[PDB]
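# A look at the structure
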Amino acid sequence: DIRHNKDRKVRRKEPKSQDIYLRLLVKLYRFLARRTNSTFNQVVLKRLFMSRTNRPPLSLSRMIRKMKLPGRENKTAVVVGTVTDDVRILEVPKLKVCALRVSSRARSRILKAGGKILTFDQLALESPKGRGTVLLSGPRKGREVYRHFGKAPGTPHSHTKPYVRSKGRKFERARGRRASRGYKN
Amino acid sequence: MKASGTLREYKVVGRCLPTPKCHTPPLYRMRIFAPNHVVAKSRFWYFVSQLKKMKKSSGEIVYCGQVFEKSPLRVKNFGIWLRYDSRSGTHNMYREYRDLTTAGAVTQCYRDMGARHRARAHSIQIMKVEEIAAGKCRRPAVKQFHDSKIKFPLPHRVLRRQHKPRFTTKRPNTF
Amino acid sequence: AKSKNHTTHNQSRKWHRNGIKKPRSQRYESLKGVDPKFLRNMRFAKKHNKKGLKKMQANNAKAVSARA
Amino acid sequence: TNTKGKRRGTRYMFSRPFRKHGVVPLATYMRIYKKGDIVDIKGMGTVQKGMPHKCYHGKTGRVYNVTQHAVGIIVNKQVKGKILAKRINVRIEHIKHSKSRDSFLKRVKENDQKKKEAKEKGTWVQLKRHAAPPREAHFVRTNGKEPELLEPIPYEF
Amino acid sequence: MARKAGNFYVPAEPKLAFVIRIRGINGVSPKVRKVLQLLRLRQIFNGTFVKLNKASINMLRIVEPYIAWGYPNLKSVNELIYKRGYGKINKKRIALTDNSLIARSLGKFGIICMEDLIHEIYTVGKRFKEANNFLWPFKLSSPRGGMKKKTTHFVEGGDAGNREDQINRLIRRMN
RNA sequence: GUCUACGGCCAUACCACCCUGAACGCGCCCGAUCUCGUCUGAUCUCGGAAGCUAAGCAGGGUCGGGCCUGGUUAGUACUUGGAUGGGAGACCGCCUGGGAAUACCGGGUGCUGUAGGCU
RNA sequence: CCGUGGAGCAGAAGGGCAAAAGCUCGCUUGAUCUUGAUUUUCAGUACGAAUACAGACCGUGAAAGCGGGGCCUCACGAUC
RNA sequence: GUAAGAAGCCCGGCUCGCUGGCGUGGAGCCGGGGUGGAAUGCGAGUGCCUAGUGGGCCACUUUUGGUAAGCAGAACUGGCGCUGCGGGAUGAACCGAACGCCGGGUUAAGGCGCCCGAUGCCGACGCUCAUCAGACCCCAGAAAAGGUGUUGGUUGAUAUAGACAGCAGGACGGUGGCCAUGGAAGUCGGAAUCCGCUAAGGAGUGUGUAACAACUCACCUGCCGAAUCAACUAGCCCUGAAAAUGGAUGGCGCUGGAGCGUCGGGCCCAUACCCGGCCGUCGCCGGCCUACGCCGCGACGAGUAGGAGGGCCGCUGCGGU
Ligand SMILES: [Mg+2]
Ligand SMILES: [Mg+2]
Ligand SMILES: [Mg+2]
Ligand SMILES: [Mg+2]
Ligand SMILES: [Mg+2]
Ligand SMILES: [Mg+2]
Ligand SMILES: [Mg+2]
Ligand SMILES: [Mg+2]
Ligand SMILES: [Mg+2]
Ligand SMILES: [Mg+2]
Ligand SMILES: [Mg+2]
Ligand SMILES: [Mg+2]
Ligand SMILES: [Mg+2]
Ligand SMILES: [Mg+2]
Ligand SMILES: [Mg+2]
Ligand SMILES: [Mg+2]
Ligand SMILES: [Mg+2]
Ligand SMILES: [Mg+2]
Ligand SMILES: [Mg+2]
Ligand SMILES: [Mg+2]
Ligand SMILES: [Mg+2]
Ligand SMILES: [Mg+2]
Ligand SMILES: [Mg+2]
Ligand SMILES: [Mg+2]
Ligand SMILES: [Mg+2]
Ligand SMILES: [Mg+2]
Ligand SMILES: [Mg+2]
Ligand SMILES: [Mg+2]
Ligand SMILES: [Mg+2]
Ligand SMILES: [Mg+2]
Ligand SMILES: [Mg+2]
Ligand SMILES: [Mg+2]
Ligand SMILES: [Mg+2]
C-alpha cells in the first residue's frame, strides 16, 4: 500500500503558551479566519500559534522603511509580535501601527509623533477582514543561532562560526585555518 | 498452452504492417487448435514467428474465426502429425484416431500423448490433421472397427453407484 | 575471527527511502570558476552601464511609447 | 583492494575505435561552444592533456565556463546517496554537441511558426505531441488470391 | 459489407482497457511497484480504466505478472460505474448517489450527469483523464467461480495476462 | 566535362597491373653568381623555359584485392520478467518482449565549401 | 625496393603516437614566482597526483603557437 | 546520462577596461507585445536537534576459490532478523498473504477415502502389477548400463513368382587349391575368393579330431498356409540398489485407484477481498457549546532496538481547596 511516515502534519494547531490574553486572541481570530474567509485572518491566526523564535521582534527603523514605500500612506502596519524601539533613528512619521506588546520606550516615541496605536482586539473591531493593512515581520533568520548553522565548519566554504569556548588567539586557529599549519580549510 | 477441456478449431489470417519498402503482405493463414481465441492468436503468433520473420508488434491479425465441423454426425478417421518433444530429444510422430469432430480428434490426441508419453501441452506441435479413408488406416486399434456387423457384449460392467445405496443387503450381479 | 568484508546490499532501499531527487536548480546559479578576465569585464560593464543607460534608454523608451 | 586509480579499467573506453587512429580531425576544433549549451562528454585517447575522469564518460551536461583550449561543464554525477552538480574543466577534444537540444529547438521553431501561421486562418492546429495511438479500423485486400496456408516443418537433425 | 467481396475486415484496436490487480503487496520489485502505484492499483483486487497508448501498453507489459487487463464491455462499464462508483470531490471518497456530486466537481467540462460520465469513459476523447482521475479505484470483491492458476499467465492456462474479450466474464463474478 | 591554390567528410575516394590526356595549370626538366646546406646543388634554397606528357597527376578497365551497403545465415545463437514446468542432475521447453555475427550471394566505388584559366 | 606501426617512447602492464609523442641537430631552464576554483579515494575532509585559467618575468620559432617537468594511468608524509 | 518551455523564443536600445579590419564577436542591463507544448500518478520545499545501529543470514538468476559442502567471498531484487496468519504432516528463509475487536459472502496457495472441512461427481481418456511399486519446487534420496514385461513411434528389408516359424530332403566337382610344417583335408593363421552341371551349396557360420572322418550352418527344395523379420527411439515397471535401537508417501491404508500423465463441473477456508457495527490516528473541517468542549465525512491500524504524545493509572511529602 502506502507508507505512513509523512501522513501526520507536524504543524501545530494550538498555542503551547498558557497566556489567557493570547488564548482569547486565538479564540477570536479563529472565529474570524473561519467565518470572514479572509486569508489575512488565516495568516494572522497562524502567526499567533508560533513560538518565541518564530515571532522575531521587529525594530522601529525597519518598520519605518517598510512604511515609507509607495502605497503605504494610510495603511495600518500589523506586526504579530513585539515591536521594539530603535535608537539609531531620530525622527519618526505618524506611524499608525497595531502590534502585540509594544515596548515602553517605543510607546512614547510613537505617541509623540501624533500617530495612535491599537491592539489586536481593536484591530478586529475596526477592520475584521483586514482591509488597508500591511503585515510585517521581523528578521526570522537574524537570530544568532542561525549563524552557527550550515553544512560543516570544515568544508573549504564554511563561513559557519564554529563553537568556541573563548574567542581570541590560540583558539581554533592553527591546524585547518591557515596554510602554514597543516591545510587551509 | 493448457488445452483445457475441449479444443476448438480457429482459422487465423495475419500479415505484417504495411512498410514503405513493400505493401500488401502475402497474408499468411493458419489453422490452430486452441480452447479460446486468445490462446489461438497467441499460438498463431508463435508459429508464424517460428516460421517467418514476423512478430506481434511488427505484424497484425486480420481475422480469427471458429471453424465448425462439416459433418458432426458422421464417424470419421483422422491422421494426426506430431512434432513433440521428449525428455531426451524431439521426435515426429503419426497417429490415427476415430471421432466425429476434428477438435474431438485433437483432444483425443492431446490426452493420449500426455498419457502414454508424459508429454505436456507446452512441447506438442500439431503439424497436420486430415481425414483419411478406412483403406489408408495403418493403426490396428482403429482398423479393428472397420467391420460391418460388429458385435460385442459389455462384460463385467461396473456398479457406478457404490454410495447411493451405501448400506444394503444386496450383492451386485454385474451382468 | 573472519568477518564479512564489504557488500552493498540493502543500500538502494536506504537511498530511495529519503529520495535521490535532483539538486535544486535555480536561476543565477553561481559565478565561481568563471574566467577572471571575463568576470572583471562583466563587473566593469555592469558598473559602467548606468552612466549611459538612464539617458539614451529613457529617450528610446519615450520614442517607442510615442510610436505605440 | 581494487586498486583505485585515475585511469583504472578504461582499456576499451579510452581507446580509439578501429581504423580511426591518427591525428584528430580538424572539424571538432572549429565547433563553437557558448555558455548554456547542452553538450556530451566522450573520452578520447588521442590527446591526454585535458581528458575527463572515467566516471563522466558518456555524460551530458551544460556549459558554464569557456576558456582558450577547454570548456567548463556542469555535470550531474550520482554519488551513492545523492546527485552532485560538479564543475569540470575539459578540453574540446572530448566534447561534442547534443542533438537532443537541436531537435527540441527545431520542434519549438516549427510550433511557433505553425501557430503564428494558423492564427489568421482560425484553425486550431494540434501541435502538441502524443503517444502512438492504436490504429483505426482498416480494410485489407486479397484481390482474389487465397491466403497461403502455413504448416510447421517436421523436425530434422 | 466486407465479407460479401470475400475480403476480411479488421476493427480498430480498443482505446480503453480495464486493469485489475492480481498479485499481493509484499514481494514485488520496485520497477513494477512504481508502475502499480502510478496505475492507482495499491491494494489487491481493484481495477481502473486506462487509455491505451504506446506508453500505457508498455507500462502494462512491465507489470504483466501482477495485473489482469482486458477490453471492457459497455455493460461492464455500466455496472462498474453504477454499483462500485465512487468519486473524490476532495481528498475523501464520496459515494456517487446524486448527480450534483458529479456536476459540482466535474461539471466544468460538460460531464454533469452519470450518463455523461459513462459516455466519456466508454468513448474516450479529449476529457477522459479528468473523468478517470475523478473516479476512485474500484474496490472489487473476490471472484465467484474461483481464479485458476493465479500465478500463471492467461495464455498458459492461468489468469494474470491479457483477457481482451474474456475479462467481462470475470468482471461479472468480481462485481 | 575538367584542373590549380586552400579545405570538410577520411578507403564508396587505399593497393597491383593495363589504356587515354586536346587548350591552361601541376610537374618532369636546364643551370650554382648572388640567399641557403649537405660527402654529393640528390634533398631545401635565389636564375630560367631548350624538350616532354616518359613519370607524378587526372579519367577508364580488371567475372581484381580491400571498403560501404543490402539479402542469406535467422526469429537462429542470446536475453528482460513468470510459473507448485520437465529432468536425479547437467540442462531443456513454454508464456510475455527485444534480437547478433562468420561462411554464401548481389550492387557501388568519391560527394562537396571559397578564389582563379580554358575549350 | 617492400615495409599502418609488426620498432622505439628510462623502467610491470594497458592506452596513445609516423613530415609524430620515435632518432638526430641548434638555443634553453616554464623542473622559476603569485592568489583562487576544479578533478581524483571522498565524509565530497586532508595529503599525494592532475586539469583549465588569471596576474609579472623569461625560453623557443620567422610566425601562428608550446612550455609553469617527464605522452597518460603510481613513484610518496599531519601536530610539535 | 540529457531534453520534452514562460528560468523559452522573436524585436529594439544602451554598457564593457573582454576580443577585435569592420557598430566584429560575446557577455550584462533596460523597454512593449504574444503560456494550450508526451502519457500516467502525486501536494511540495526547507531548517535544527537526535536515539539505536556500526557480528547478519537465506532465496530465483549472474558469478570467484574449492572435488564438494547446511563451506568461504561478490552484483540486482525479495524475505527472515523487525512478522504474526492459511497450505508444505513437522519447520527462518518455500507458496499465498501481510495483523485493531466482530457478523455475512467470496477467494489466493493448497486440498476433497478416514484422522480432518470438502468429490457420497451413476466424472472423461490412456499408462501401470513391484517377492524393495508409486504418490507434488526448496524437501530429505541416486547414476552409467540392461529387459523376448507391456505400451506408442521412426527408418528399413521380405511375402500368393506361396515367405517368416515348424516337420522332412539335398548341401556336390576342379580342390587333401596357393605362403607354412609335428600336424591345418572347408574349421589354430597372412593375403585372398574364382570357375562348370545344377534347383542349391558359400575355396565355407559353428561343434568336434593331433589331422581324416562325423554333427551342423549359409543356400535350395517338399508339406502347411498368410503376414512376418531386424535395428533404433521413449512413458510405466524391473535388475543395477549394502548399515548398523523398531519406523516412516505424516499414519491407517490404497491396485475398475486413495498411483502416474492430460483435463471438466462442483465443493472446502486465511487476520486476504467485498458489505455492515464498534474503538483509535490522520486529513478535511462544521457551529458564538468545559472552545483544552460539542459534532460530520473519508482513508488507514502489525512491529524488536529506538523516538515522541496522553493517562480521571499508582506510591510518598508540601502550598491551597
Ligand atoms: Mg508502521
Ligand atoms: Mg519525520
Ligand atoms: Mg563488519
Ligand atoms: Mg461458492
Ligand atoms: Mg654558406
Ligand atoms: Mg656556397
Ligand atoms: Mg638540380
Ligand atoms: Mg606524366
Ligand atoms: Mg603514359
Ligand atoms: Mg571486387
Ligand atoms: Mg527465465
Ligand atoms: Mg608500455
Ligand atoms: Mg600499442
Ligand atoms: Mg601566463
Ligand atoms: Mg562463516
Ligand atoms: Mg555465503
Ligand atoms: Mg539482533
Ligand atoms: Mg521491515
Ligand atoms: Mg514474513
Ligand atoms: Mg503453517
Ligand atoms: Mg514467486
Ligand atoms: Mg509470496
Ligand atoms: Mg470472515
Ligand atoms: Mg486451488
Ligand atoms: Mg470429512
Ligand atoms: Mg526402483
Ligand atoms: Mg514434507
Ligand atoms: Mg535434513
Ligand atoms: Mg523400454
Ligand atoms: Mg507402509
Ligand atoms: Mg486492513
Ligand atoms: Mg503499530
Ligand atoms: Mg489518587
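Located above this text is the structure these notes cover.
Analysis parameters
- Numbering of residues starts from 1 on every chain and follows the order in which that chain's sequence is written, so it may differ from the entry's own numbering; residues lacking coordinates are left out.
- The naming scheme follows written order: chains are lettered A onward, ligands numbered 1 onward.
- Each value given relates to the chains shown, not to the larger assembly they are part of.
- Remark: hydrogens and water are excluded; side-chain values derive from all non-hydrogen atoms of the structure.
- Contact criterion: two residues are considered in contact whenever any of their non-hydrogen atoms come within 4.5 Å of each other.
- Salt bridges are counted wherever a side-chain nitrogen of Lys or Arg sits within 4 Å of a carboxyl oxygen of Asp or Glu.
- Nitrogen and oxygen atoms within 3.5 Å of one another constitute a polar contact, given that in protein one can donate a hydrogen and the other can accept it, and given that sequence-neighbouring residues count only through two side-chain atoms.
- All residues other than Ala, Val, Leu, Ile, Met, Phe, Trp, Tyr, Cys, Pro, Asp, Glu, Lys and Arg, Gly among them, are scored as polar; the first ten of these are nonpolar and the last four charged.
- A simple way to read buried area is as the amount of 1.4 Å-probe accessible surface that goes missing from two parts once joined, with both sides added.
- The way it works is that DSSP assigns letters per residue, a run of H or I at least four long becomes a helix, a run of E at least two long becomes a strand, and they are numbered from the N terminus.
- We call a residue near a given molecule or strand whenever any one of its heavy atoms falls within 4 Å of it.
- For each residue, the accessible area found with a 1.4 Å probe, counting protein chains only, is set against the maximum for its type, and the residue is called buried under 20%, exposed over 50%, and partly exposed in between.
- Each patch is built from salt-bridge-free residues with over 30% relative accessible area, joining like charges within 9 Å and nonpolar side chains (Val, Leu, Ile, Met, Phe, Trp, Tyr) within 5 Å.
- Only the protein chains shown count as cover for residues, with accessible areas throughout obtained via the Shrake-Rupley method and a probe of 1.4 Å.
- For the purposes of this section, nonpolar cores are sets of buried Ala, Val, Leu, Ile, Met, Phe, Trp, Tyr and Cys residues that join through side-chain atoms within 4.5 Å.
- Being paired, for any two strands, means DSSP has found at least two bridges between them.
- In this analysis, axes come from line fits to C-alpha atoms, helices being fitted only over the stretch in contact, and the angle between any two N-to-C directions falls in the range 0 to 180 degrees.
- Angle categories: roughly parallel below 35 degrees, roughly antiparallel above 145, roughly perpendicular from 65 to 115, and oblique for all the rest.
- A clockwise turn of the near helix away from the far one marks a right-handed crossing, whereas an anticlockwise turn of less than a right angle marks a left-handed crossing.
- Directions are taken from the helix axis to each C-beta atom, and the arc is the one they span.

The next point concerns the interface of chain C and chain D. At the interface, 13 residues of chain C touch 12 residues of chain D. Taken together, the links from chain C to chain D amount to 1 salt bridge. Two residues, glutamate 29 of chain C and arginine 62 of chain D, come together in a salt bridge whose shortest N-O distance is 2.6 Å. Our enumeration of links across chain C and chain D arrives at 4 residue pairs in polar contact. Its residues placed into classes, the side of chain C that touches chain D shows 5 nonpolar, 3 polar and 5 charged.

With 18 residues of chain B in contact, the opposing surface of chain D contributes 13 residues. Summing both sides of the interface, chain B and chain D together bury roughly 1700 Å²; the carbon and sulfur share of this comes to 64%. Sorting the residues of chain B by area buried against chain D places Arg29, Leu51 and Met127 of chain B first, and these three jointly supply 31% of that buried surface. The interface formed by chain B and chain D contains 0 salt bridges. Here chain B is connected to chain D by 6 residue pairs in polar contact. Those elements that place two or more of their residues in the side of chain B that touches chain D are β1 (8-16), β2 (28-34), α1 (37-51), β3 (59-66) and β6 (126-132) of chain B. Per-class residue counts for the side of chain B that touches chain D are 10 nonpolar, 3 polar and 5 charged.

The next subject is the protein's contact with RNA strand G. The full set close to RNA strand G counts 40 residues, and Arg7, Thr46, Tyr56, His69 and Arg87 of chain D are the nearest of them. Among the atoms of RNA strand G close to the protein, meaning within 4 Å, 82% are from sugar or phosphate groups. The side chain of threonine 155 of chain A places a nitrogen or oxygen atom 2.8 Å from a phosphate oxygen of RNA strand G. The separation between a sugar or linking oxygen of RNA strand G and a polar main-chain atom of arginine 87 of chain D is 2.6 Å. Looking at the surface near RNA strand G, the elements with two or more residues in it are α2 (36-47) of chain C together with β3 (70-78) and β4 (83-91) of chain D. Here the surface near RNA strand G gets 5 residues from one element, more than from any other, and that element is β4 of chain D. Within the surface near RNA strand G, the residues separate by chemical class into 7 nonpolar, 18 polar and 15 charged.

Residues and elements named next belong to chain B. The tally for this structure, following the rule as stated, stands at 14 salt bridges over all chains. Residue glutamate 60 pairs with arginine 15 through a salt bridge whose shortest N-O separation is 3.2 Å. Pair noted here: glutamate 60 is in strand β3 and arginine 15 is in strand β1, with a separation of 45 residues, a long-range link. The exposure classification of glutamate 60 matches that of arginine 15, with both residues buried.

Take a nonpolar patch on the surface next. Residue and element names in this part refer to chain B. A cluster of nonpolar residues, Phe145, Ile150, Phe152 and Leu154, forms a patch on the protein surface that exposes about 420 Å² of accessible area. Locating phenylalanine 145 in the fold gives a position in the segment after α3 (140-143). Take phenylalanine 145: its relative accessible area is 40%, and that puts it in the partly exposed class.

Another point: the nonpolar core. In this structure, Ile80, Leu82, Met113 and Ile126 of chain B are the most contacted members of the largest nonpolar core, which totals 35 residues. Among residues more than four places away in sequence, those in contact with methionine 113 of chain B are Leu82, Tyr84, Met93, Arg95, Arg118, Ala119 and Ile124 of chain B. In terms of nonpolar packing, the next biggest core, distinct from the first, is built from 27 residues, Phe18, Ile20, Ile121 and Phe128 of chain E among them.

What follows deals with the pairing of strand β4 (residues 76-82) of chain B. Residues and elements named next belong to chain B. By the criterion of burial, β4 is predominantly enclosed, with 6 of the 7 residues buried. In this sheet, strand β5 (residues 93-99) lies alongside β4 in antiparallel orientation, the contact comprising 7 bridges. Each bridged residue has a counterpart across the sheet, and for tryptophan 81 the counterpart in β5 is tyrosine 94. Here 6 bridges tie β4 to β6, and the two strands are oriented antiparallel to one another. Pairing of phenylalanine 78 across the sheet is with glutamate 131, part of β6.

What follows deals with the packing of helix α3 (residues 74-82) of chain E against helix α7 (residues 167-174) of chain E. Residues and elements named next belong to chain E. Following both chains from N to C, one finds α3 and α7 inclined at 25 degrees, their axes separated by 10 Å at the closest point. As judged from the angle between their axes, α3 and α7 are roughly parallel. The two elements α3 and α7 meet at a crossing, and its hand is left-handed. Each of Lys75, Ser76, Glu79 and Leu80 in α3 lies in contact with α7, whose residues at this interface are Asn168, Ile171 and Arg172. The class makeup of the residues in the contact of α3 with α7 is 2 nonpolar, 2 polar and 3 charged.

Before going further, it helps to spend a moment on helix α5 (residues 114-122) of chain E. Residues and elements named next belong to chain E. Listing the buried residues of α5 in full gives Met114, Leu117, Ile118, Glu120 and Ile121. Within α5, the buried residues cover an arc of 165 degrees as seen down the axis, which keeps them to one side. Along its buried surface, α5 packs onto β1 (16-21), β2 (46-51), α3, α4 (99-106) and α6 (128-134).

Moving on, we come to the environment of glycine 9 of chain D. All names here are of chain D. Position of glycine 9 among the secondary structure elements: in the segment before β1 (38-41). Judged by its relative accessible area of 68%, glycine 9 is exposed. A sequence separation of 45 residues divides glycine 9 from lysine 54, and the C-alpha atoms of the two residues are 8.4 Å apart.

Glancing now at the packing of α3 of chain E against α5 of chain E. All names here are of chain E. Axis separation between α3 and α5 bottoms out at 10 Å; the angle between their running directions is 135 degrees. With respect to each other, α3 and α5 are oriented oblique. Note on packing geometry: the crossing formed by α3 with α5 is right-handed. Of the residues in α5, those touching α3 at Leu74, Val77, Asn78, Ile81 and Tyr82 are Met114, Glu115, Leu117, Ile118, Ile121 and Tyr122. Grouping the amino acids of the contact of α3 with α5 by side-chain chemistry returns 9 nonpolar, 1 polar and 1 charged.

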